[PDB]
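A.B. asks: Opening piece of the complex, as it sits:
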Amino acid sequence: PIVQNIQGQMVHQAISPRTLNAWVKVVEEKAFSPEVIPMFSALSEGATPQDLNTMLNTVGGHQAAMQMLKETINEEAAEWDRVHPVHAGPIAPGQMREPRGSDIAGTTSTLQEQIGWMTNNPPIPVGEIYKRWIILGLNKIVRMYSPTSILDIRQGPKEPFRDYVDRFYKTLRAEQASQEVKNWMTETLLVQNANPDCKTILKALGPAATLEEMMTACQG
Amino acid sequence: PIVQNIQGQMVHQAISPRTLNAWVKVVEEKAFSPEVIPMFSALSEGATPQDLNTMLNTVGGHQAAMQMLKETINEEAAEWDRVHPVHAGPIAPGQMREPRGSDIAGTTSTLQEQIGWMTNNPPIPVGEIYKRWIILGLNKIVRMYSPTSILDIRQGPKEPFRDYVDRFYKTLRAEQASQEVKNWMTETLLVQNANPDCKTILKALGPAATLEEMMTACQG
Amino acid sequence: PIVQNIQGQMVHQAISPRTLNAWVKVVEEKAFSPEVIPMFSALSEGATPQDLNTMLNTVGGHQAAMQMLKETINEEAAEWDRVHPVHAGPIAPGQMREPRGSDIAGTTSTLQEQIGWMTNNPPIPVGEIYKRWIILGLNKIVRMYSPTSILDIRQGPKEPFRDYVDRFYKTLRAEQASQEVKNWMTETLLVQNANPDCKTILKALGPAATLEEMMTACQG
Amino acid sequence: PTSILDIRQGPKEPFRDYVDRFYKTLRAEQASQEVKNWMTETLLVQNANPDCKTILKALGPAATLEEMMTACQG
Amino acid sequence: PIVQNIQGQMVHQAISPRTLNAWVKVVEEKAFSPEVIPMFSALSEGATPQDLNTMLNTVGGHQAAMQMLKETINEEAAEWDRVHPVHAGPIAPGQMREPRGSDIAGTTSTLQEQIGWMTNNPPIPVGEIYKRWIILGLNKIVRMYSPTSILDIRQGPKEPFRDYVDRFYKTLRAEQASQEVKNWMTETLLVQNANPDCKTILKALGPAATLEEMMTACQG
């Protein structure tokens, strides 16, 4: 990453082996859960595109997901290059050139250009865009990985309310719909799909249903 | 999290990975228990709101509890906006404007603004406020994950007094209704639900009996 | 209403007996179907709050719905008066005073004040706000008359896809959800709730499913 | 035909017809609107069927007409 | 209670035991009748809040009603604090004490402070305010103690009009409503619920007939 020295320049620092070891361990042990995206965004903070490419290449197995992620990165780079013209010709000294999409991806550049783009005035953050693209790809992957849909969740007769709401909110975290649709479904289908007894309990609870009130009502 | 230097000043520092790893491991391995709040308060001392949002989003599984915490944080942010209204008119030269209820959470503010808020003169403790909110949310979560109520406790004919008092104090620390009500409960409900033989052995010592003699009476 | 004379000043005109008879007839004949709101917005165009109150009072029966509409108008007027201060004191000639909520409701004003507020420069759409309130109330009413919910629609084994989608779109038009959530619903539940045969047909059809190709595929 | 005080719901008469007839007789009746505000909250829930009476009382005294309706809906 | 003492100087005179005995006896013998309110208001003329607290503590039984009274006193104190907060203003040349919700309720206000607030010029009407609060509470209590609703008052087949109108007016006085509602009820409900034998007699007299005419008509 790029560690900021205390009262000094933001010196570049190679990714420690601990970061990559934790990353390969989580991607091996936990497969592709919704939370891995937060842990990936946590481990890689202020990292150059070279660091992110190293973190992605170290992943072993699940090569279909890696190919989908690379395809998503390519699509985002194509869109960026289409909606942003690239200048050429002689460039004034002390000012880096226009970052290209294939260049903002880090596939057609070295570490020096990335460090220069992340130190210019005003700063042009390549890391926060390449990480955004990787997060979009990982979101597509975790959506693809979800085994069951959100509309097809039904509580079992003996399965309690806690396990049902756990599965429901997990699938909701895996869902791809917009945030307003997410609020709509978590407002309606939660009580609309419960078991009939606690369904009538929550109907007696009426409007303004709040999760803690629901779980305190369905007790026993 | 900010850290003091040799000269005494503090500056932002990237969040350490084996903190995120330890938090994720303790959250999953111990699930939700009263001893997750001290660990959380110790792990993220001085953490920025971005670091707390990281430590919360990184928790895979138990998404219902995380949604409860998000709702509690949401309501807490609204109360802060309502209690204090921004003043109008000219602002003093040595002072600049404050954050909003939603920006205390760090949802719509960059990291540099958090660092400026935390190291201002005088410093503004946004991290401590958001940590208090998260601790309240975790208290409500561990309240929900309580498997019984305080009144239903009745020791079995064979269940030893040690296990009975352990279960009692466990669900009592998980109750957290109040502190003086807890003091009244530990006097009344503790003595009211004993097994008849050891019950009258405890009654032999009267209400002035302390817990040590209370247990060594039924001991052996 | 207020008919605009050709190349002249707009002249006030009493509501037509034909208009009022058509309104009371459509109310009596179709009860409260989702099209009564478009037909009401069509019949009442450029009408004063006096005209709208007359069109509402001529309705006979459904007094519960009428009282709910009046309560909605009262709530809207209260919100308007709360978020809009009312000025008082001596008022300059040629300039009408601040319209209160009870006046924009037409319960404490006169036709002269309504025409004055609708002829001022710049004009104040008192009619267009009172009609908006009436449309909100009629929307609440038509939502209350909804016999079945949208999430509980299931196609019969013999009931054809045309009838199924007719009922589905009728219930969707009656539904109260926002338009952003309304889209996901017609994208997913339409194909998720059909009979198995045409369900597999539309699944083979795959993404980008539109109503025309869906109905041409489920033929026979 | 009858006074507003005589309006009472039948044992199996649905809440729809009961509230319709009650509001129709109340509109036909002559009184100040201020008196009607107390008359509704005193007479609507009391004269209902016992099961629907408890159903409406579970909602609360100041419950609106639409919530009271959707309570015993069907 | 304080009383005008010769000459012209009010001094504190403690509540007499005979007054407390009269109050205990009237609460024992008459329970909670509508008339107690006047007896209470007349037994405690110009009483310090301590005297009213003594008179409310000396009651025997009816602890539920006393709890409603205390809670309504708390609510009135809360609203009073809300309606009378200290807004910034230039300080008055002359300072006089001030009664808080808790200073009015006699909870945290010493007897000397109340004597000061009463005998000072200008006087602070703490006694009358606390009396208004207690009278509101007693109105709540006596309207709760009503055995049957006023709408259920109906005459027996041979029950004389005397006892019928007596019981009807007693329940109507215990009932709570505005004066105009009572004016409408005495004209719409009284004649209708009478026995048909005398109902015909009252109808023969006229709708706007007074009480004495009907009473002497059905007399005997």
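C.D. replies: Looks like it came in fine. Numbers count the residues shown, from 1 in each chain, chains lettered A, B, ... in the order given.
A.B. asks: What's the separation between the closest residue to chain B within chain A and residue D:55?
C.D. replies: Closest to chain B within chain A is residue A:35: 2.6 Å, counting by C-beta to the nearest C-beta. Every C-beta, even on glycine, is put in place using the N, C-alpha and C of the backbone. Distance, residue A:35 to residue D:55, using C-beta to C-beta, to the nearest Å: 44 Å.
A.B. asks: Between those two, tell me which one has more neighbours.
C.D. replies: Legend: neighbour count by other C-beta atoms under 10 Å in any protein chain shown for residue A:35 and residue D:55, higher for residue A:35 (23 against 17).
A.B. asks: Is the more buried one in contact with residue B:62, as I believe?
C.D. replies: No. Residue A:35 lies out of contact with residue B:62 (C-beta atoms under 8 Å); the separation is 9.9 Å.
A.B. asks: secondary structure element for the one residue in chain A that gets nearest to chain E?
C.D. replies: Nearest to chain E, among the residues of chain A, is residue A:208, at 23.9 Å (C-beta to the nearest C-beta). Assigned by DSSP states H and E, residue A:208 falls within no helix or strand.
A.B. asks: Over to residue A:116?
C.D. replies: Under the assignment here (DSSP H and E), residue A:116 is part of helix A:111-117.
A.B. asks: ok, and what's touching the next helix-or-strand element following that helix?
C.D. replies: Scanning forward in sequence from helix A:111-117 by DSSP H and E, the next helix or strand is helix A:127-145. With contacts defined as C-beta atoms under 8 Å, 6 or more residues apart in numbering or on different chains, helix A:127-145 is touched by A:31-34, A:36-37, A:40-41, A:44, A:46-49, A:52, A:56, A:65, A:68-70, A:72-73, A:76-77, A:80, A:104-106, A:114, A:118, A:174-176.
A.B. asks: what's near enough to touch whichever residue of chain A sits closest to chain C?
C.D. replies: Using C-beta to the nearest C-beta, the single residue of chain A nearest to chain C is residue A:184, 3.8 Å away. Counting by C-beta under 8 Å, 6+ apart, residue A:184 makes contact with C:177, C:178, C:181, C:184.
A.B. asks: how about 10 Å then?
C.D. replies: Contact analysis of residue A:184 by C-beta atoms under 10 Å, 6 or more residues apart in numbering or on different chains lists A:177, A:178, C:177, C:178, C:180, C:181, C:182, C:184, C:185.
A.B. asks: Tell me the spacing between the residue of chain A closest to chain B and chain D.
C.D. replies: Distance, residue A:35 to chain D, by C-beta to the nearest C-beta, to the nearest Å: 40 Å.
A.B. asks: Leaving out sequence neighbours, find the closest residue to that residue.
C.D. replies: Using C-beta to C-beta, 6 or more residues apart in numbering or on different chains and skipping the chain neighbours, the partner closest in space to residue A:35 is residue B:60 (2.6 Å).
A.B. asks: That neighbour: what secondary structure?
C.D. replies: coil (DSSP: H, G, I helix; E, B strand; the rest coil).
A.B. asks: Enumerate the residues of chain A near chain D.
C.D. replies: Residues of chain A lying close to chain D by C-beta under 10 Å from any C-beta of the partner chain are A:203, A:204, A:206, A:207.
A.B. asks: So the first one sits against residue A:191, correct?
C.D. replies: Think residue A:203. Yes. Residue A:203 is within contact range of residue A:191, at 7.2 Å (criterion: C-beta atoms under 10 Å).
A.B. asks: intersection of neighbour lists for those two?
C.D. replies: Contacts common to residue A:203 and residue A:191, judged by C-beta under 10 Å, 6+ apart, are residue A:209.
A.B. asks: following sequence is chain F, place it on the structure:
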Amino acid sequence: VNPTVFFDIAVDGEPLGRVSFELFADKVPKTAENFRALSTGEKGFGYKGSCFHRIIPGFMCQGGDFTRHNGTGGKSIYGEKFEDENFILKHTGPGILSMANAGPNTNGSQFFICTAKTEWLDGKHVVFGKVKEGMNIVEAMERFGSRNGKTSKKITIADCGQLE
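C.D. replies: To build on what is shown above, here is chain F added in:
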């Protein structure tokens, strides 16, 4: 309106002079009533015959421990201790009468009379009165104290009461 109390001071029984105090009951009423009532002795106990146990020249004279006579005791008319009423008034100069305490919300009966401006005490001790008449009697008292507070002669409140 604001009460005024006096103290007739004595140094080992020789009469020394009268200090009188205006108590700011219009801003610190509960604090001012406690010093007033302890001066009159109307609640049964009080200041009459207690001494200044700690006098530090150029800082303040402290007294009011009528139960233990050495700074470890004293009690209020509301119980042994009560809350810090407020901090409206500040330690602005000599003659300010402020409450001693053993940290926050621990006010009893000990008070101190400042003989200098002591702004560092602001926000930590409730101020509730000031010397009206007698400041040179407070100044002369300083001579019987020391850097650490120990006094050389017994300095007593020979009599005290309310004037107005």
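A.B. asks: once more on the contacts of residue A:184, this time with chain F?
C.D. replies: A:177, A:178, C:177, C:178, C:180, C:181, C:182, C:184, C:185.
A.B. asks: And the contacts of the helix holding residue A:116?
C.D. replies: A:2, A:10, A:12, A:14, A:47-51, A:95-97, A:99, A:103-104, A:106, A:109, A:123-127, A:130.
A.B. asks: one more time with 6 Å, if that's ok
C.D. replies: A:12, A:48, A:49, A:50, A:96, A:99, A:124, A:126 (C-beta atoms under 6 Å, 6 or more residues apart in numbering or on different chains).
A.B. asks: helices and strands around the biggest helix by length in chain F, which ones?
C.D. replies: In chain F, taking DSSP state H as the definition, the longest helix is helix F:29-40. The contact analysis (3 or more C-beta pairs under 6 Å, 6 or more residues apart in numbering or on different chains; DSSP states H and E) places helix F:29-40 against strand F:14-23, strand F:155-162.
A.B. asks: For residue F:128, which of the ones you listed is the nearest?
C.D. replies: Residue F:128 lies closest to strand F:14-23 among those, at 6.1 Å (C-beta to C-beta).
A.B. asks: which residue packs closest to the residue positioned nearest the centre of chain F, ignoring adjacent ones?
C.D. replies: Nearest to the mean C-alpha position of chain F, by C-alpha atoms, centre = their mean, lies residue F:111 at 3.4 Å. Excluding the flanking residues, the one nearest residue F:111 by C-beta to C-beta, 6+ apart is residue F:64, at 5.0 Å.
A.B. asks: got a list of what that neighbour touches?
C.D. replies: Residues counted as contacts of residue F:64 (C-beta under 6 Å, 6+ apart) are F:74, F:109, F:110, F:111.
A.B. asks: quick revisit: grab the two from the contacts of helix A:111-117 that are most spread out in space.
C.D. replies: The largest separation in the contacts of helix A:111-117, counting by C-beta to C-beta, is between A:12 and A:99 at 17.9 Å.
A.B. asks: Find the residue at the geometric middle of chain A.
C.D. replies: The centroid of chain A falls nearest to residue A:135 when counting by C-alpha atoms, centre = their mean (3.6 Å).
A.B. asks: Can you tell me how far that residue is from residue B:19?
C.D. replies: Computed as C-beta to C-beta, the residue A:135 to residue B:19 distance reads 21 Å.
A.B. asks: try residue A:93
C.D. replies: In this view, residue A:93 and residue B:19 are 43 Å apart by C-beta to C-beta.
A.B. asks: Likewise for residue A:177?
C.D. replies: Taking C-beta to C-beta, one finds residue A:177 at 33 Å from residue B:19.
A.B. asks: for residue A:61, same thing?
C.D. replies: 28 Å.
A.B. asks: go on, residue A:58?
C.D. replies: Spatial separation of residue A:58 from residue B:19 under the definition C-beta to C-beta is 22 Å.
A.B. asks: in which helix or strand would I find the residue nearest to residue F:21 when sequence neighbours are not counted?
C.D. replies: Closest residue to residue F:21 in three dimensions, ignoring its sequence neighbours and counting by C-beta to C-beta, 6+ apart: residue F:129, at 4.8 Å. Element membership of residue F:129 [criterion: DSSP H and E] is strand F:127-133.
A.B. asks: which residues are in contact with that strand?
C.D. replies: Under the contact criterion C-beta under 6 Å, 6+ apart, strand F:127-133 has outside partners F:19-24, F:28, F:31-32, F:89, F:95-98.
A.B. asks: can you redo these as JSON lines with neighbour count?
C.D. replies: Formatted as JSON lines, the contacts of strand F:127-133 follow (neighbours: other C-beta atoms under 10 Å in any protein chain shown):
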{"residue": "F:19", "neighbour count": "25"}
{"residue": "F:20", "neighbour count": "18"}
{"residue": "F:21", "neighbour count": "28"}
{"residue": "F:22", "neighbour count": "19"}
{"residue": "F:23", "neighbour count": "24"}
{"residue": "F:24", "neighbour count": "19"}
{"residue": "F:28", "neighbour count": "23"}
{"residue": "F:31", "neighbour count": "27"}
{"residue": "F:32", "neighbour count": "24"}
{"residue": "F:89", "neighbour count": "18"}
{"residue": "F:95", "neighbour count": "19"}
{"residue": "F:96", "neighbour count": "24"}
{"residue": "F:97", "neighbour count": "25"}
{"residue": "F:98", "neighbour count": "25"}
